[PDB]
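> These protein sequence lines are chains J8 and 61, in that order. Numbering of the first sequence is given in PDB author numbering, commencing with residue 2 and proceeding in unit increments. Numbering of the second sequence is given in PDB author numbering, commencing with residue 1 and proceeding in unit increments. Every residue gets a Cβ at the ideal spot worked out from N, C-alpha and C, and that includes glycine.
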Amino acid sequence: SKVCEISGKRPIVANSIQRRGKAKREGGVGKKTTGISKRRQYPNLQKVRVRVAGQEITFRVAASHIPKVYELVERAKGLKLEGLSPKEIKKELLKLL
Amino acid sequence: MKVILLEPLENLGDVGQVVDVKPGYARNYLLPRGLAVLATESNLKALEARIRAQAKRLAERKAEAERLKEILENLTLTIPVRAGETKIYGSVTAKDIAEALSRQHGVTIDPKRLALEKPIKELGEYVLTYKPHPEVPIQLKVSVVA
RNA sequence: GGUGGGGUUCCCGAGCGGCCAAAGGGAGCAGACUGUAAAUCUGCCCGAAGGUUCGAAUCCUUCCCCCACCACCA
RNA sequence: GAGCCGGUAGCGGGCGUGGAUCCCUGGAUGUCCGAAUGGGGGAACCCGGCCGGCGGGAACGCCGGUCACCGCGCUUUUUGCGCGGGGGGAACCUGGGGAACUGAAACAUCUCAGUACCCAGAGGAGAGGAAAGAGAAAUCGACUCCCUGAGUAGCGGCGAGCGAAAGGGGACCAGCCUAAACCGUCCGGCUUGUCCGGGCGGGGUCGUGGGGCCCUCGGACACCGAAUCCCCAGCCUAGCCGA
RNA sequence: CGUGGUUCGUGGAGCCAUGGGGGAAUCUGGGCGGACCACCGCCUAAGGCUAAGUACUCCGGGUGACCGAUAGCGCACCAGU
RNA sequence: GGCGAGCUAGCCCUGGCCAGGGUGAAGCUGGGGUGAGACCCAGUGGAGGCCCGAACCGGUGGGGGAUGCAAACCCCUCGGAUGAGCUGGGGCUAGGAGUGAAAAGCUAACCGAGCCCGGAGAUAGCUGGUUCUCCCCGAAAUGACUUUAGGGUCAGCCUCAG
RNA sequence: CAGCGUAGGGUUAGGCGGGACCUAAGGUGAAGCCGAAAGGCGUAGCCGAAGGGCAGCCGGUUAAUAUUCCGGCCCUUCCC
RNA sequence: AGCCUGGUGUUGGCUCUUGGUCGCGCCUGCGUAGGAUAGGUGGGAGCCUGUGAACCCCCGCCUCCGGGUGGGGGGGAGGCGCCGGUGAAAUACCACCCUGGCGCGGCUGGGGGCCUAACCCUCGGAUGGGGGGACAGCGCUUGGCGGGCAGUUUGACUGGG
RNA sequence: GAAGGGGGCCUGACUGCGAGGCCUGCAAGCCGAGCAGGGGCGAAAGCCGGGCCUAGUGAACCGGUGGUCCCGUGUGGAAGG
Ligand SMILES: [Mg+2]
Ligand SMILES: [Mg+2]
Ligand SMILES: [Mg+2]
Ligand SMILES: [Mg+2]
Ligand SMILES: [Mg+2]
Ligand SMILES: [Mg+2]
Ligand SMILES: [Mg+2]
Ligand SMILES: [Mg+2]
Ligand SMILES: [Mg+2]
Ligand SMILES: [Mg+2]
Ligand SMILES: [Mg+2]
Ligand SMILES: [Mg+2]
Ligand SMILES: [Mg+2]
Ligand SMILES: [Mg+2]
Ligand SMILES: [Mg+2]
Ligand SMILES: [Mg+2]
Ligand SMILES: [Mg+2]
Ligand SMILES: [Mg+2]
Ligand SMILES: [Mg+2]
Ligand SMILES: [Mg+2]
Ligand SMILES: [Mg+2]
Ligand SMILES: [Mg+2]
Ligand SMILES: [Mg+2]
Ligand SMILES: [Mg+2]
Ligand SMILES: [Mg+2]
Ligand SMILES: [Mg+2]
Ligand SMILES: [Mg+2]
Ligand SMILES: [Mg+2]
Ligand SMILES: [Mg+2]
Ligand SMILES: [Mg+2]
Ligand SMILES: [Mg+2]
Ligand SMILES: [Mg+2]
Ligand SMILES: [Mg+2]
Ligand SMILES: [Mg+2]
Ligand SMILES: [Mg+2]
Ligand SMILES: [Mg+2]
Ligand SMILES: [Mg+2]
Ligand SMILES: [Mg+2]
Ligand SMILES: [Mg+2]
Ligand SMILES: [Mg+2]
Ligand SMILES: [Mg+2]
Ligand SMILES: [Mg+2]
Ligand SMILES: [Mg+2]
Ligand SMILES: [Mg+2]
Ligand SMILES: [Mg+2]
Ligand SMILES: [Mg+2]
Ligand SMILES: [Mg+2]
Ligand SMILES: [Mg+2]
Ligand SMILES: [Mg+2]
Ligand SMILES: [Mg+2]
Ligand SMILES: [Mg+2]
Ligand SMILES: [Mg+2]
Ligand SMILES: [Mg+2]
Ligand SMILES: [Mg+2]
Ligand SMILES: [Mg+2]
Ligand SMILES: [Mg+2]
Ligand SMILES: [Mg+2]
Ligand SMILES: [Mg+2]
Ligand SMILES: [Mg+2]
Ligand SMILES: [Mg+2]
Ligand SMILES: [Mg+2]
Ligand SMILES: [Mg+2]
Ligand SMILES: [Mg+2]
Ligand SMILES: [Mg+2]
Ligand SMILES: [Mg+2]
Ligand SMILES: [Mg+2]
Ligand SMILES: [Mg+2]
Ligand SMILES: [Mg+2]
Ligand SMILES: [Mg+2]
Ligand SMILES: [Mg+2]
Ligand SMILES: [Mg+2]
Ligand SMILES: [Mg+2]
Ligand SMILES: [Mg+2]
Ligand SMILES: [Mg+2]
Ligand SMILES: [Mg+2]
Ligand SMILES: [Mg+2]
Ligand SMILES: [Mg+2]
Ligand SMILES: [Mg+2]
Ligand SMILES: [Mg+2]
Ligand SMILES: [Mg+2]
Ligand SMILES: [Mg+2]
Ligand SMILES: [Mg+2]
Ligand SMILES: [Mg+2]
Ligand SMILES: [Mg+2]
Ligand SMILES: [Mg+2]
Ligand SMILES: [Mg+2]
Ligand SMILES: [Mg+2]
Ligand SMILES: [Mg+2]
Ligand SMILES: [Mg+2]
Ligand SMILES: [Mg+2]
Ligand SMILES: [Mg+2]
Ligand SMILES: [Mg+2]
Ligand SMILES: [Mg+2]
Ligand SMILES: [Mg+2]
Ligand SMILES: [Mg+2]
Ligand SMILES: [Mg+2]
Ligand SMILES: [Mg+2]
Ligand SMILES: [Mg+2]
Ligand SMILES: [Mg+2]
Ligand SMILES: [Mg+2]
Ligand SMILES: [Mg+2]
Ligand SMILES: [Mg+2]
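1) Check whether the Cβ atoms of residue 72 (chain 61) and residue 136 (chain 61) sit closer than 8 Å, and answer yes or no.
2) Roughly how far, in whole angstroms, is the beta-carbon of residue 62 (chain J8) from the beta-carbon of residue 70 (chain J8), given that I think they are within contact range, below 8 Å?
3) Among the residues of its own chain, which have a CB less than 6 Å from the CB of residue 21 (chain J8), if the five just before and after it don't count?
4) State buried or exposed for residue 6 (chain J8), treating a residue as buried only when at least 16 other CB atoms are found within 10 Å of its CB.
5) Quick one: which residues of the stretch 67-82 of chain 61 get their C-beta closer than 7 Å to a C-beta of chain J8? List them in chain order.
6) Going by DSSP, what residue range makes up the alpha helix (DSSP H) through residue 58 (chain 61)?
7) Please classify residue 80 (chain 61) as buried or exposed, where buried requires at least 16 other C-beta atoms within 10 Å of its C-beta.
8) Is the beta carbon of residue 123 (chain 61) less than 8 Å from the beta carbon of residue 104 (chain 61)?
9) Under 8 Å between C-beta atoms, does residue 102 (chain 61) make it to chain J8?
10) Just to make sure I have the definition right: I need the residues of chain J8 whose C-beta is within less than 7 Å of the C-beta of residue 132 (chain 61). Which are they?
11) Does any residue of chain 61 bring its CB to less than 8 Å from the CB of residue 41 (chain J8)?
What follows is the structure, given as structure tokens:
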């Protein structure tokens, strides 16, 4: 679970590719791969900790989608409950029907 | 980043003025401090509806003292006073002027803020002015007998 | 291959558009002082071709080497 | 349709034309363990709450019922209730992850290979699918599968090796729902406002671009028609006649 | 920018996907025809569902120039014993 | 990808065990000593990875055993034996990992990288093996190149058809 | 003859051990935290004993059981 | 792998201070010579001043201090140029440029202080208090160090090697 | 009887080819008359496609540079070959 609670973004596997030599297009004989190996790429994930109704709700999101946390706060109707709260404010409110 | 200001901030000026700012500010100062709100197509809309609703009943209120300017600035109320020679026994006051204007010509004034200074003790022709905001001078005739 | 610095009297070295035998240092020579050796002191003495102006050691093109650096190698 | 009480005789007893045994469909019973779910736990054992019952029955014990967790939904949050999930399955399927030996007659890129395998999920299939496609023809029309294109075009320490698609021929055939505009309703927040937001209904769904809103045209039986529901044939789960 | 997918191993390297940064428009909008530009075309992305033709064989059946007890399944027999 | 710490190594929790002798620290007390002390001498005392030695834990030297009684044993002898002691029960850590007073020791009788099943019929220019009969012909062990030299490619030499 | 074949018999508990008690290491784990999936962690709680707590001694009896049956003498907890 | 590190995200407020560049403006330069204290080229006998002059009184900064130069102002109707020559240039006023400087403004940079509110630690106490603080942590990206680990390479001939 | 030494004019240390052979496992290595173009030296015959000769070397692949006609992913260009 290092995954963005709004966007859905999660870590992907990627190769890290080590190259040598001069681009063919700089008049080099061309690039060469000295190694290829798997790494991954995490989302740039942050806390957004926000106050909604009585309570203080904390989203874990990709820094990318940080705005949508505030969009979800602009959606306010009638919740006096505990944390959860976002269980409501979430995909129920992100999409629904 | 576009926020609608909820009070004058001194460079970032007064209420309702849409100002753009580093998100960090917005998110972690203005917004949680309730001292502003981000300008959505949603909120920009209430703001228009908010400026309309204001300047509606505002230039509605200027439809009274424009209407009471075009009546009281011609019509003259005449005041009976127990006579004396160029001196009154009682005193015609704001309160009186109010009432007299009511029973006579059928109008209503406060009579707050007309001329409160020194309720008028003499006879003659006086011009007093009414209010609030651009407004009307009135003619009042204090005369004789009863 | 590329970039950046150079090139000056025997060595180093500053080098400026109004001339700069061209600062200065040391080297060499000749004087002064001298136990030896010195230290001190005084005097003696523009890489290249072309080109811009009235003036070129100064600015440009070019050529030759040096130093420096980065990069490539089937 | 005459024998039967399994493999299994035997002892000792029984049943069947008032139709047994046996076969097929449905039902009932179904200890304890097991996702295992009252709670524990070294699976098949242990210890309980609640309601009801049995015994002399308060203590004790037995019996029946009920009681895990998670998700969704309404609900006055609550007393809660309803519906669901969970685990298994030969291979097959999709998705998340993902090797090495080996090959390169050494070895790193490359290969083996997106294989093996591990994980999640789906079902009787799964995936995919109704063009922001192809790709040179004013061309074709979803997707899948076979043949072919073709070991072609290309890819490649241009090595070892890797290896498409368009088109053509077949199989099968099917096309739909929405979001927004706009209209209506309910609720919530309010600096009641032609306000903003959420919920529901209507509306609309496409590329010779479509749709909303306004005007005109007549827009009338209409026709079309499910992948949803109902009936039926047929098929499966026992058998029967048969020179 | 970093990568994956494709025949495409950085290649003139587009297309589809997307971890990171910046970050639009609503038909006169956008994507594509292999860098890019023009022209001429194709198509309308960022919501969803969709039988059949296909894969398989625990299971039942039918066939075999299939085996016949060292074979055929590991097991023809009370064997995953 | 799993299975293993019921063996063995370390640690954690909780219990248990160590006959009997010996030596005689400090301290205490008393006495001496001094200005006061240090100190000395007695008695008491009972310390210690202190001594001897059973149990227990070991494994030094030699002999025997060697298709063993035994896949580590038996005899004699020997080390420790209140400690860094031994030991029962309950637990934890594991495969490029653990654990190790360190030998690359140990990690279920072979550990310089455990076992099991899988990739898998890995690869094996090497070694072995390759099954009835008759007929004809019938070689090579050289050259060139080879990360090649006991392997190959082309050539040479055998054979068969036209 | 047997630890062997066939057959029959044989293990008796409020007090002994364990459980309807406690907690230890550790394990597990409402809360919570982390992690591509699998899963790791974790407060309380819970589980977990050869520790803590808890009431039976002597003798007779069987072919075979006995602090369990019997005899004598004692004791504990629940309920009323 | 780990560690170090530039850029950037998360990431904000307030100041102080510096660059770079661009536009505009205000200046800057001086070989005896021309009379000297004229950057270059062009336009040039017309100007500029009474859209209040020279000559001094304050004052600014530059200077080869010969002075240059502007403001304040005492201040009142002149101050100039050609001509002339031993230096090319010609020494008013108007532009377009060079060399250096300053002035403001534009986009981008680089530093320093303080703040708190993100983020982090903490407080039997929390919609809070204290501490750190836009650092640190973390994502993406840059270059580096890297037997701690990984995969491998480490020729043949040869009177054995 | 020059391949040695000197002098003069010169650049054949040409381009396009190449009968036929030496060698030879392949791939290479080698010699070469002759024709064409345009030349040089020579009065001419003639000679001249480096040097008395036999060593002075390196397959392919990848890339550089100069040129040219060739291809240019719908088309013209361009990228790249
Ligand atoms: Mg990288
Ligand atoms: Mg935050
Ligand atoms: Mg962004
Ligand atoms: Mg002397
Ligand atoms: Mg019978
Ligand atoms: Mg019947
Ligand atoms: Mg039944
Ligand atoms: Mg249970
Ligand atoms: Mg019950
Ligand atoms: Mg359980
Ligand atoms: Mg009851
Ligand atoms: Mg399942
Ligand atoms: Mg299932
Ligand atoms: Mg997959
Ligand atoms: Mg490999
Ligand atoms: Mg290998
Ligand atoms: Mg190999
Ligand atoms: Mg090999
Ligand atoms: Mg090898
Ligand atoms: Mg592959
Ligand atoms: Mg299913
Ligand atoms: Mg289907
Ligand atoms: Mg689908
Ligand atoms: Mg492949
Ligand atoms: Mg086809
Ligand atoms: Mg069709
Ligand atoms: Mg609808
Ligand atoms: Mg509404
Ligand atoms: Mg709707
Ligand atoms: Mg509808
Ligand atoms: Mg339209
Ligand atoms: Mg019959
Ligand atoms: Mg690729
Ligand atoms: Mg690619
Ligand atoms: Mg390559
Ligand atoms: Mg394109
Ligand atoms: Mg696109
Ligand atoms: Mg296209
Ligand atoms: Mg298209
Ligand atoms: Mg669209
Ligand atoms: Mg669509
Ligand atoms: Mg489907
Ligand atoms: Mg079958
Ligand atoms: Mg047999
Ligand atoms: Mg068999
Ligand atoms: Mg037989
Ligand atoms: Mg067998
Ligand atoms: Mg152990
Ligand atoms: Mg004992
Ligand atoms: Mg004493
Ligand atoms: Mg003593
Ligand atoms: Mg002792
Ligand atoms: Mg001892
Ligand atoms: Mg000893
Ligand atoms: Mg001893
Ligand atoms: Mg021994
Ligand atoms: Mg021995
Ligand atoms: Mg001993
Ligand atoms: Mg001894
Ligand atoms: Mg122990
Ligand atoms: Mg291992
Ligand atoms: Mg280790
Ligand atoms: Mg084992
Ligand atoms: Mg062992
Ligand atoms: Mg190994
Ligand atoms: Mg084999
Ligand atoms: Mg294999
Ligand atoms: Mg090998
Ligand atoms: Mg013969
Ligand atoms: Mg050989
Ligand atoms: Mg060999
Ligand atoms: Mg041969
Ligand atoms: Mg017996
Ligand atoms: Mg009793
Ligand atoms: Mg218990
Ligand atoms: Mg307990
Ligand atoms: Mg756990
Ligand atoms: Mg106990
Ligand atoms: Mg006990
Ligand atoms: Mg007891
Ligand atoms: Mg007894
Ligand atoms: Mg007995
Ligand atoms: Mg008794
Ligand atoms: Mg501070
Ligand atoms: Mg503070
Ligand atoms: Mg407190
Ligand atoms: Mg605080
Ligand atoms: Mg930071
Ligand atoms: Mg190594
Ligand atoms: Mg290294
Ligand atoms: Mg050798
Ligand atoms: Mg020999
Ligand atoms: Mg030798
Ligand atoms: Mg000659
Ligand atoms: Mg020939
Ligand atoms: Mg000729
Ligand atoms: Mg190669
Ligand atoms: Mg080439
Ligand atoms: Mg030609
Ligand atoms: Mg062409
Ligand atoms: Mg194109
Ligand atoms: Mg083209």
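Looking at the coordinates:
1) Sequence index remark: in the second sequence, residue 72 (chain 61) carries index 72 (1-based). Sequence index remark: in the second sequence, residue 136 (chain 61) carries index 136 (1-based). In contact: residue 72 (chain 61) and residue 136 (chain 61) (Cβ atoms closer than 8 Å).
2) Locating residue 62 (chain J8) in the first sequence gives position 61, counting from the first residue. Locating residue 70 (chain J8) in the first sequence gives position 69, counting from the first residue. That pair is a contact at about 6 Å.
3) Along the first sequence, read from residue 1 onward, the residue named residue 21 (chain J8) stands at position 20. These residues qualify, in order along the chain: 33, 35.
4) Reading the first sequence from its first residue, position 5 is the one you call residue 6 (chain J8). Answer is buried; the Cβ neighbour count reaches 16.
5) none
6) Position 58 of the second sequence holds residue 58 (chain 61). Its alpha helix (DSSP H) spans residues 41-61.
7) On the second sequence, residue 80 (chain 61) is found 80 positions in, with the first residue counted as 1. Classification of residue 80 (chain 61): exposed, given that the 10 Å Cβ count is below 16.
8) Position 123 of the second sequence, counted from the first residue, corresponds to residue 123 (chain 61). Position 104 of the second sequence, counted from the first residue, corresponds to residue 104 (chain 61). Cβ atoms of residue 123 (chain 61) and residue 104 (chain 61): not closer than 8 Å.
9) Here residue 102 (chain 61) corresponds to residue number 102 of the second sequence, with the count starting at 1. Answer no: the Cβ-Cβ gap between residue 102 (chain 61) and chain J8 never drops below 8 Å.
10) Working through the second sequence from its first residue, we reach residue 132 (chain 61) at position 132. Near residue 132 (chain 61) there are no residues of chain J8 at all, since even the closest Cβ is about 38 Å away, more than 7 Å.
11) The sequence position of residue 41 (chain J8) within the first sequence is 40, counting from 1. Residue 41 (chain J8) does not count as touching chain 61.
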